[PDB]
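Structure 1 and structure 2 below are the same protein chain in two forms, each given by itself as C-alpha cells.
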Structure 1
C-alpha cells in the first residue's frame, strides 16, 4: 500500500505510485530510470496506435546512428547553440582518451539530414517520411523526475521533407492532432493545442506547435508533445536540394518538419489520474482492463466450481475483446490481490465468491470511483463493457473539469499574480517579444511563470487595440502562461 499522500508531498507520492505499481525502478545514475513491464506495456499501447496512424500518412520506420560528429553539429549554428549544454560527449574508449570526442544525440536532425541530402536529388524522391523509436540523452542539470524530465528517455521522432511548404504545413497539424488523440482518446487527458513563442520554440526552425496538459494537484502545466516546422533552415545548411519537376535544371531547397513524443505521456497520466490508493489506468491503454479474483475461500468440490466460474467469466469477456486476466494464484491472499491490482490501476476488479456464484451474481469494483455493483452473470460482458466505457469518460470529464476551472483569462499583472499563486493557468494578451517573456518569468517569481503555448482556439478573441500586459507593445494573441516542468 502507498505511504505519502498526493495532496501533501506530491513528490514522494509520485515516487510511491510509480514504484509500488511496479512501473519505475531507480538507478544509480541520477536522471535515468528503469521502465518495468507494467510501464512498458503502456508505451507499447501508445506505440501501436501512433505507428499505425503515421503509416497511413506514408511514414516509414528506420533507425539512425546515435553518435554525432562534431563536424555535423556545427552545421546549424542556432540549432547547436540551444542544445550545446545538454549534449553528453563520449571522450574515452575504455580507458584512454579519444583523439576526437563524439557526441550522443539529444536529437538526430544532424544525423539524418546529411543522409537526406544524398537521397534527395529529384522531385520524385519526395516526400521523405522517416520515423524511429529510439532513446535520446539530454543532460539537463535540473533536478530530474521520472517520466516528466529524465536525462535519457524513449521517444519517436519523425523527420519529413517536402517539395512545397503547403504539404509540410498540413503534416504538422496532423501529427499534432495525433498527439492530441493519444492524450485525449487513449490517456483520457485534455490538452490545449498551440504554437510556442519565439522564446520556447525549437531553435533553428520556423515555428513550433505543441500540446499542453495541466496537472491539478501541483498547479503546473507540462508540454506533452511538439511538432515543428523547420522550413528551409536545415536544408540550406545541409544542402537538401532537388530538381524542379517542370522547369529544367532549376533547384529548390526542401521544406522539412520534425515531430516527437516521449515517455512523458506516462508520467502525465499518473499525475492527472493517480489517487491515494495508487495508479488509475485508462481502459483504452490498460493491458489488463478486468481482473478476476476469487474470494470467500471450505469444500474442495465447490472450490473446483469457483475456479471454473472465474474461467467462465474470462472466456465470456475475451469473446467481446475485453482484455481480462484471472488471478488464480493460490499462494496469494485474495485481499493481497485486491491491493496489488489496485495499485497497478486495473479499471475493474471482478470479485466472485461462493455465495455470490450460487446466487448467479458477481461484484464489479470500479477503480476510478470505488463503486460496488452486484451484476448478474447474464449481464456480465454487457455491463463490464459499459463500465469500461464509463471509466474512460469519467477520467476525461473530471480532468477536463479541473482544466475548465484552472485556465482563466487575466488582463493585468495584478490579476496575473494572484491567479498564479492559487495554482492556476492564465491566458493573457502577450506582445510575443522575448525580452518581455524574460520579464514575466522574473516578476512572477517575486517559481516564475513561463509561456506554455499560444492557443489556436483561445477562450476569448483578442480585442482590437488591446496592448500587452507590458504596456509597451500591442498584443498579438492570447498566450497561455503558467509554471511548468
Structure 2
C-alpha cells in the first residue's frame, strides 16, 4: 500500500480497492468491475436484507430494464429530476429504432403500469415487490467507485397499500432495516431523518433516509432511502380500487419505494480502512479467518512439513464446525510473508499462524486485523477465543466509529459558529426554516464546495426552544436540520 488515508484520501482509496482485489477499472467512465472479493460483501448484505423483508411479505421478482418514452413522462415531477441522467438506446446494430427507449434509472414507471392491471378489487392489495438488479444514472460529476458510479447494483422495493397507515408503517420498517445493514453488519453508525423539501424524492411526499459520516474527508453520505410516494404515482398510473362504502368513489393506492446500493461497500472502506489495507467487519467478511503455515524452510523435515500442513487442516475443520468462515492458505508457491500482506490488504479480521515451534507446543498465533494485536492461544481454546475476538472486532469497529460520529456531530445556532465547525471537517445541526430558497443560500454561502441538507433528524441533539429563528433571520426555525458537505 502506497498512499495514506489522512494525506491523499482519493489515492489511498484507489489503492486499497484495487489491491484488496475489489475493484477493476473499465474503459467506460463511471463503470467499475466488482471482483469476487467485493461481490461477496454485497452477497452478505443481500442475504441479510432478503431474509428480513420476506418476513414482511415482500417477494422477489425482476421487471424489464427498458422504459418506454410514454411511461417515463407519465408523472411530470419524477421525470423532471431524472431526465438529464437517463441513458437512451436509439439503435439496434445499424438500424435506428422508431422510438428511443430508456435504460431504467429506477423502476417506478416500469412496475406501476403492471400494478394498475393487478389491482382490480380491494383484495388485490397490498402488493409488495422487490428486485435485485442493475440501474444506470448517467452522472457527469466525477465518478468514484462504489460511492457514485454510472452503473450500480441495488435492490428497489415497491409497495402498494389501501391505507396510509399501512404505507407509513413500512417506510419506517425498511429504514430500520437499512440501519441494521449499516450498524449491525458494516459497523457504521448512521443518523435517521427526513429529507427536506429540496432534497426529497421527486414524485413522493416525504423521504426518510440514513446518513453516514466519513471522517477522513469530513463529508457525509446517504446510506439508504425509504420514500412515501403516497398517491402521487397511483394517480398517474390509475392504480385504483372501488371504495367498500360509497360505490363508485375511486380510491387511489398509497405507495412506497425504498432502495439500497453497493455504495455500502464504499462507505465500509472509507470508514474502517486504514493505511495497511482493507478492514472487513466480521459480519460481512467473506473470509473471517485465514490459516497460514509458517516456518517452512527448504531444509525442513518433509515428514514434519506434511504434519505442519496437516495441523493447518485440523484448525479449519474445527472452525468450520463452529460456523466460522475460514480458508486455509496452503499454496506452496507463495511465501508465508507474502500471504501475510495479501490477506491483510484484503481485510481478513483474524490471521491464524501455525509454526513448528508452536505446533509442537500445542499453540498458535492470532493476529487481529483492526488493532494488529498478536496473541498466542492454546490449541484447545481455538473455537472459543477466536469467536470472542471476532465480535470484539465487530464492536471495536463500531464504538470507535460512533465515537468519531459523536465528535463530529455538533450543534450550532447561527451561521458564524456553523461556518467555523463546518470548515473543521464536521457536520452540524442548525435551526432551519425548511424553505428551498434558504437551503440554496446556505450552500452558496458556506462555500465561501458548499454544504447541502442531509436529513431532518428524527432525534436531534438539542431541543429547539420556542423563539429560536433560522440562520436566515427572516423566518423562524421549523426544526433542527443536519447540514454538511455531502457526496
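Residue numbers count along the first chain shown, from 1. By rigid core we mean the largest C-alpha set that fits within 1.5 Å across both forms.
query = Superposing on the core, which single option in 166, 250, 414, 330 has a CA shift of 2 Å or more between structures 1 and 2?
reply = It is 250; the other listed residues stay below 2 Å.
query = Using the core for the fit, does the CA position of residue 96 change by 2 Å or more between structures 1 and 2?
reply = Comparing the forms between structures 1 and 2, which are aligned on their rigid core, residue 96 does shift its C-alpha by 2 Å or more.
query = Taking the rigid core as the frame, how far in Å does the Cα of residue 112 move between structures 1 and 2?
reply = That residue's C-alpha is offset by 0.4 Å.
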